[PDB]
Amino acid sequence: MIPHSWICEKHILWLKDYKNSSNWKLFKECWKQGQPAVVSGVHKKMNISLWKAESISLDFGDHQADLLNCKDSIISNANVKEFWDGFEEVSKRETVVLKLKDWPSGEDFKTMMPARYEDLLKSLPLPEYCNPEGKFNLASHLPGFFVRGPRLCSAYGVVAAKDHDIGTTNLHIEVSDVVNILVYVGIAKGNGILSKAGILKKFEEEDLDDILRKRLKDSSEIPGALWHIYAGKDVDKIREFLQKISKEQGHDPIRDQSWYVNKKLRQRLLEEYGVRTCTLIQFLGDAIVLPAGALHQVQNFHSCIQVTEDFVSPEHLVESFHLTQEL
Ligand code: NA
């Protein structure tokens, strides 16, 4: 048997055993219909010490890069060194929510962080699809022009700012199939920030599936980020909704990646267009697998380091090619 549940109105496949070699057989069935999946425990496969903030900070902290303020997408005054100093120490940062996006990425990730890249390839779940040598992955086989390498993203949590209208990743469409693994969760301290225990209670105030609540009540799990995921089929409805809300407040808002859809807006989106949200908490070691054309947004509660890898399954190639040609 392949241990699993379905989360969020039975829409997301939770594959509960990262060591099960047959995970792909169950995944094949749900993927066919564009359903997301999450595989938990991938951090036990990884050399997780390699992915700690202290380590990543030291290795690649010499490279200068732009830091984004997540509230307004204005590029910050902070340098990379200041970003990492503030990752878990709030007083070194109302403080702002910073993101260090796609640094490094692609060939630079492979070459500048070779041991992490090797660890990644070794640890990717559902390797039949997500690994470059997987039999259902077309990524390394297609001509160049069909396709849009790994990306690292690090960002503070929104808790210190006390502003859960901030997205650390704004609502946007993904162009290829993607797997996102939460590889580090940093508990921030000082400046009156809510503690680890209070942050758990804030996760508990979210509208969650019971299966998610059980995990949240498991003291060995470490929750990091809040995800909202939408079907690609609903994109035109969501675009209209955001154009409407925009007009009420005084143009393609999905292409702009300019919106975090907060609690009140998600509820109105459901009422006024019937568009449903999948809610997920991503715990340390969770690999969230999304098909091309799916939309999602992320809100870190704690500081999080995510690694994302692109792949190309047959199931979403047509949709992927179209979206890539469009970009
Ligand atoms: Na490395």
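Residue positions begin at 1 at the first shown residue.
From the backbone N, Cα and C atoms, a Cβ is placed for every residue, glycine too.
The Fe cation binding site annotation in Swiss-Prot covers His172, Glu174, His296 and rests on sequence analysis.
Within 8 Å of the Cβ centroid of the Fe cation site, not counting the listed residues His172, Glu174, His296, the chain contributes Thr169, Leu171, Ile173, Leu290, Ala294, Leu295, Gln297. The model of this deposited entry stops at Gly250 and resumes at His251, leaving 6 residues out; those two Cα positions are 13 Å apart. As deposited, the model skips 6 residues from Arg93 to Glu94; the distance between those two Cα positions rounds to 10 Å. Gap between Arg148 and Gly149: 3 residues not modelled, C-alpha separation 10 Å.
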